[PDB]
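Chains as they are written, first to last, in the deposited numbering: chain A, 1 to 52, 52A, 53 to 82, 82A to 82C, 83 to 100, 100H to 100M, 101 to 214; chain B, 1 to 213.
Where is the CB? At the ideal position from N, CA and C, for every residue including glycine.
See structure below.
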Ligand SMILES: OC[C@H]1O[C@@](CO)(O[C@H]2O[C@H](CO)[C@@H](O)[C@H](O)[C@H]2O)[C@@H](O)[C@@H]1O
Ligand SMILES: OC[C@H]1O[C@@](CO)(O[C@H]2O[C@H](CO)[C@@H](O)[C@H](O)[C@H]2O)[C@@H](O)[C@@H]1O
Ligand SMILES: OC[C@H]1O[C@@](CO)(O[C@H]2O[C@H](CO)[C@@H](O)[C@H](O)[C@H]2O)[C@@H](O)[C@@H]1O
Ligand SMILES: OC[C@H]1O[C@@](CO)(O[C@H]2O[C@H](CO)[C@@H](O)[C@H](O)[C@H]2O)[C@@H](O)[C@@H]1O
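Okay, here's the thing in structure tokens:
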């Protein structure tokens, strides 16, 4: 029963603020050192700051001073990290972590880790994707193999699922990680390589599902 | 602050291999170094602290060494569960700093990417924007360079790429690059091409098409 429980993922408009919680109800709250470690997409781990509950002793990383406030509430055995004036660059997964709670020295390495809280900063609001075909052709037929796919563009937020022929085609399928575009909307492609000899006899359809906007789309992909 | 330097940035090995990762501190930190393992989409896991103290539950094959400014993490006989990214962190004083990590991947033979180029669909053009997509499929190693050219002129700033995680079956990688242009720019040029540079290619491979075929 000694775990760090974090609040759920969030979507924030630029300029807003977010407050992530981390509850540690096990053992004595004052023996934790609740630290917050950030990890932006594709980046390494970055220490933001931390606090020793009850004693309420805080330490902050220089880069976040002024923009972040880390606190702790003894009544609820919960610690918080509030990041304000959010920007696109702020998008990242925030982890709380702490040395295991001693029971009555305190070293600052992290025995315990929360599962992470994703904070996405975007000017956009919920929106279903548009699905365009990535059609096979001459420059899309390497030898006897052809590649085709679906461009799942401009949707928000994550995630979106993609299947081929309602799950009947999984071999040779590659669904890439979504990329947040300059517009604050996500985009991703799903491709599959098949025999070029099958393009005139086999039907290829990608099934896209975006629960956030209750959108479902089935796009048949055929050579141009 | 204390700057932590990890090397190599990427390590390629096979099950059964004995591997070593290093981490250097810009100044002495005694034995105050910890190591973490992290797999895609998951939170880091503590493996070692105080330089060589193995975290309860962590396999014996993991061992740490060092003090002062030089430290190492060793895996005596790599197992499939060990392929992930490792980070070192000094816990001597704040600000607490991390090394930039070492990705431990599965080694396989060099494989050139099969390249395919996709013109934007006529449907998307009606939206006022055009997306040209270039696919680099099943290659190794992961390092690759994609260069977009419009009417032989090099493109810059208008493309974004995404890469898959190493394939659990063939240990390869795949990458997609997408060039975004206004419908106006797209219908202003004829030749669209993506030039790919990779260790497995003796010279760059260029795939292209002429707008409207
Ligand atoms: O802990 C208070 C102390 O910390 C400083 C920075 O060294 O400010 C930090 O704490 C504030 C209160 O939580 C935040 O508003 C601020 O962003 C954060 O850097 C000092 O200014 C303050 O005395
Ligand atoms: O980090 C919270 C913790 O910091 C203290 C000072 O050590 O107070 C600072 O943070 C508060 C929360 O934002 C501010 O109200 C206060 O002005 C600032 O000095 C502790 O009192 C508090 O527990
Ligand atoms: O972990 C080393 C580092 O931790 C500090 C506190 O941040 O001291 C703690 O760890 C020592 C080593 O295990 C103990 O002697 C001490 O009692 C404990 O508070 C730092 O002083 C030290 O650099
Ligand atoms: O906070 C800056 C400080 O953090 C380190 C790691 O300890 O680098 C991290 O932060 C950078 C800025 O967001 C990322 O580029 C990097 O991947 C991440 O590890 C230090 O190198 C740096 O001084």
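- CB contact below 9 Å: residue 61 of chain A versus chain B: Within the first chain, residue 61 of chain A is the residue found at index 62, counting from 1. Yes, contact with chain B.
- Take the Cβ of residue 120 of chain B as the centre, count every other Cβ of all protein chains shown within 10 Å, and call the residue buried at 16 or more, exposed below. Taking the first residue of the second chain as position 1, residue 120 of chain B is located at position 120. Per the 10 Å Cβ criterion, buried.
- Do you know how far the Cα of residue 131 of chain A is from the Cα of residue 148 of chain B? As a first step, residue 148 of chain B is located in the second chain; it is residue number 148 there, counting from the start. As a first step, residue 131 of chain A is located in the first chain; it is residue number 141 there, counting from the start. Each residue's alpha carbon lies about 20 Å from the other.
- Message: Buried or exposed, going by whether 16 or more other CB atoms sit within 10 Å of the CB of residue 137 of chain B?
- Response: Residue mapping note: residue 137 of chain B aligns to position 137 of the second chain, counting from 1. Using a 10 angstroms sphere on the CB of residue 137 of chain B, the tally of other CB atoms reaches 16 or more, which defines it as buried.
- Message: Mapping the DSSP letters down to three states, classify residue 31 of chain B as helix, strand or coil.
- Response: Numbered from its first residue, the second chain carries residue 31 of chain B at position 31. In the three-state DSSP reduction, residue 31 of chain B falls in the coil class, being neither helix nor strand.
- Item | Assumed close pair residue 158 of chain B, residue 180 of chain B - CB separation to whole angstroms, cut-off 8 Å | For this step, residue 158 of chain B is matched to residue 158 along the second chain. For this step, residue 180 of chain B is matched to residue 180 along the second chain. Yes, they are in contact, since the Cβ atoms of residue 158 of chain B and residue 180 of chain B sit about 6 Å apart, within 8 Å.
- Give a yes or no on whether the C-beta atoms belonging to residue 135 of chain B and residue 110 of chain B are separated by under 9 Å. Within the second chain, numbered from 1, the residue matching residue 135 of chain B stands at position 135. Within the second chain, numbered from 1, the residue matching residue 110 of chain B stands at position 110. By the CB criterion at 9 Å, residue 135 of chain B and residue 110 of chain B fall outside the cutoff.
- Query: At which residues does the alpha helix (DSSP H) containing residue 100 of chain A begin and terminate?
  - Reply: One-based indexing of the first chain puts residue 100 of chain A at position 104. For residue 100 of chain A, there is no enclosing alpha helix (DSSP H), since its DSSP letter is neither H nor E.
- Task: Give me whichever residues DSSP pairs with residue 204 of chain A in a beta bridge.
- Result: On the first chain, position 214 is the one that residue 204 of chain A refers to. Note: residue 204 of chain A sits in no beta bridge, so no partner.
- By DSSP, does residue 199 of chain A sit in helix, in strand, or in coil? To locate residue 199 of chain A, count along the first chain from 1; it is residue 209. Under the three-state reduction of DSSP output, residue 199 of chain A falls in the strand class.
- Message: Tell me whether residue 35 of chain A, by its Cβ, gets closer than 8 Å to a heavy atom of ligand 2.
- Response: Residue mapping note: residue 35 of chain A aligns to position 35 of the first chain, counting from 1. Not under cutoff, so the answer is no.
- Task: Compute the minimum distance between the beta carbon of residue 69 of chain A and the heavy atoms of ligand 1, and state whether it is under 8 Å.
- Result: As a working mapping, residue 69 of chain A is identified with position 70 in the first chain. Yes, the Cβ of residue 69 of chain A comes within 8 Å of a heavy atom of ligand 1.
- Residues that residue 106 of chain A contacts on chain B, provided the C-beta gap is smaller than 7 Å: Sequence index remark: in the first chain, residue 106 of chain A carries index 116 (1-based). Result: 43.
- Query: Hey, residue 48 of chain B and residue 35 of chain B: beta-carbon distance below 9 Å or not?
  - Reply: As a position in the second chain, residue 48 of chain B is number 48, starting the count at 1. As a position in the second chain, residue 35 of chain B is number 35, starting the count at 1. Taking 9 Å as the Cβ cut-off, residue 48 of chain B and residue 35 of chain B qualify as a contacting pair.
- Item | Rounded straight-line distance, which links the Cα of residue 188 of chain B to that of residue 9 of chain B | What you label residue 9 of chain B is simply residue 9 of the second chain in a count that begins at 1. What you label residue 188 of chain B is simply residue 188 of the second chain in a count that begins at 1. Residue 9 of chain B and residue 188 of chain B: Cα-Cα distance of roughly 42 Å.
- Query: Measuring CA to CA, which of A:114, A:136, A:64 is closest to residue 190 of chain A?
  - Reply: Here residue 190 of chain A refers to the residue found at position 200 of the first chain. For residue 190 of chain A, the nearest C-alpha among the options comes from A:136.
- Item | Partner residues on chain B for residue 124 of chain A, Cβ-Cβ distance less than 7 Å | As a position in the first chain, residue 124 of chain A is number 134, starting the count at 1. Under the 7 Å cutoff, chain B gives 118, 133.
- Can you have a look at residue 97 of chain B and say buried or exposed, based on whether 16 or more other CB atoms are within 10 angstroms of its CB? As a first step, residue 97 of chain B must be located in the second chain, where it is residue number 97. Looking at its Cβ environment, which holds 16 or more other Cβ atoms inside 10 Å, residue 97 of chain B is buried.
- Going along chain B, which residues have a C-beta under 7 Å from residue 44 of chain A? Indexing the first chain from 1 puts residue 44 of chain A at position 44. Per Cβ cutoff of 7 Å: 87, 98, 100, 101.
- Query: So, is residue 158 of chain A buried or exposed, given that buried needs 16 or more other C-beta atoms within 10 angstroms?
  - Reply: Position 168 of the first chain, counting from 1, holds the residue named residue 158 of chain A. Exposed is the call here.
- Query: By how many angstroms is the C-alpha of residue 164 of chain A removed from the C-alpha of residue 107 of chain B?
  - Reply: For the purposes of this step, residue 107 of chain B is taken as residue 107 along the second chain, with counting starting at 1. For the purposes of this step, residue 164 of chain A is taken as residue 174 along the first chain, with counting starting at 1. Rounded to whole angstroms, residue 107 of chain B and residue 164 of chain A show a C-alpha spacing of 21 Å.
- With respect to 8 Å, is the separation between the Cβ of residue 18 of chain B and the closest non-hydrogen atom of ligand 6 below this value? Although ligand 6 was asked about, the structure shown includes only ligand 1, ligand 2, ligand 3 and ligand 4 as ligands.
- For residue 74 of chain B versus residue 102 of chain B, is the C-beta spacing smaller than 9 Å? On the second chain, residue 74 of chain B is found 74 positions in, with the first residue counted as 1. On the second chain, residue 102 of chain B is found 102 positions in, with the first residue counted as 1. No; because the gap between Cβ atoms is not below 9 Å, this pair is not in contact.
- Query: Taking DSSP as the reference, what is the three-state secondary structure of residue 155 of chain A?
  - Reply: One-based indexing of the first chain puts residue 155 of chain A at position 165. For residue 155 of chain A, the three-state secondary structure derived from DSSP is helix.
- Does the segment 89-99 of chain A come close enough to the segment 31-48 of chain A to have 3 or more Cβ pairs within less than 8 Å? Yes, the segment 89-99 of chain A is in contact with the segment 31-48 of chain A.
- Query: At what residue ranges does the segment 38-95 of chain B contain a whole run of the alpha helix (DSSP H), taking only runs of 4 or more?
  - Reply: Counting whole runs of 4 or more residues, the segment 38-95 of chain B contains no alpha helix (DSSP H) stretch at all.
- Contact check, residue 11 of chain A vs residue 110 of chain A, beta carbons under 9 Å: Counting from 1 along the first chain, the entry for residue 11 of chain A is found at position 11. Counting from 1 along the first chain, the entry for residue 110 of chain A is found at position 120. Yes, the pair counts as a contact, with Cβ atoms nearer than the cut-off.
- Flag this pair as yes or no: are the beta carbons of residue 79 of chain A and residue 21 of chain A separated by less than 9 Å? Counting from 1 along the first chain, the entry for residue 79 of chain A is found at position 80. Counting from 1 along the first chain, the entry for residue 21 of chain A is found at position 21. Yes, they are a contact pair.
- So which of B:156, B:162, B:144 has the shortest CA-CA distance to residue 198 of chain B? Indexing the second chain from 1 puts residue 198 of chain B at position 198. Looking at B:156, B:162, B:144, the one whose alpha-carbon comes closest to that of residue 198 of chain B is B:144.
- Task: Indicate whether at least one CB of chain B lies closer than 9 Å to the CB of residue 52A of chain A.
- Result: Along the first chain, read from residue 1 onward, the residue named residue 52A of chain A stands at position 53. Residue 52A of chain A has a beta carbon lying at 9 Å or more from every beta carbon in chain B.
- If you measure from the beta carbon of residue 137 of chain B to each beta carbon in chain A, is any gap under 9 Å? Residue 137 of chain B sits at position 137 when you count from the first residue of the second chain. At least one chain A Cβ lies under 9 Å of residue 137 of chain B.
- Item | Member of A:13, A:8, A:124, A:49 whose CA lies at the smallest distance from the CA of residue 143 of chain A | The residue labelled residue 143 of chain A in the question sits at position 153 within the first chain. It is A:124.
- Return the bridge partner residues of residue 78 of chain A from the DSSP annotation. Within the first chain, numbered from 1, the residue matching residue 78 of chain A stands at position 79. According to DSSP, residue 78 of chain A bridges with A:22, A:71.
- Closest by C-alpha distance to residue 102 of chain A, when choosing among B:194, B:162, B:43, B:91: For the purposes of this step, residue 102 of chain A is identified with residue 112 of the first chain, where counting begins at 1. Closest by alpha carbon: B:43.
- Query: Is the closest heavy atom of ligand 3 to the C-beta of residue 47 of chain A under 8 Å?
  - Reply: Position 47 of the first chain, counting from 1, holds the residue named residue 47 of chain A. No - ligand 3 has no heavy atom lying nearer than 8 Å to the Cβ of residue 47 of chain A.
- Query: For the putative contact between residue 82C of chain A and residue 67 of chain A, defined by C-beta atoms under 8 Å, what is the C-beta separation to the nearest angstrom?
  - Reply: Stepping through the first chain from its first residue, residue 82C of chain A is reached at position 86. Stepping through the first chain from its first residue, residue 67 of chain A is reached at position 68. Wrong, their Cβ atoms sit about 11 Å apart, outside the cutoff.
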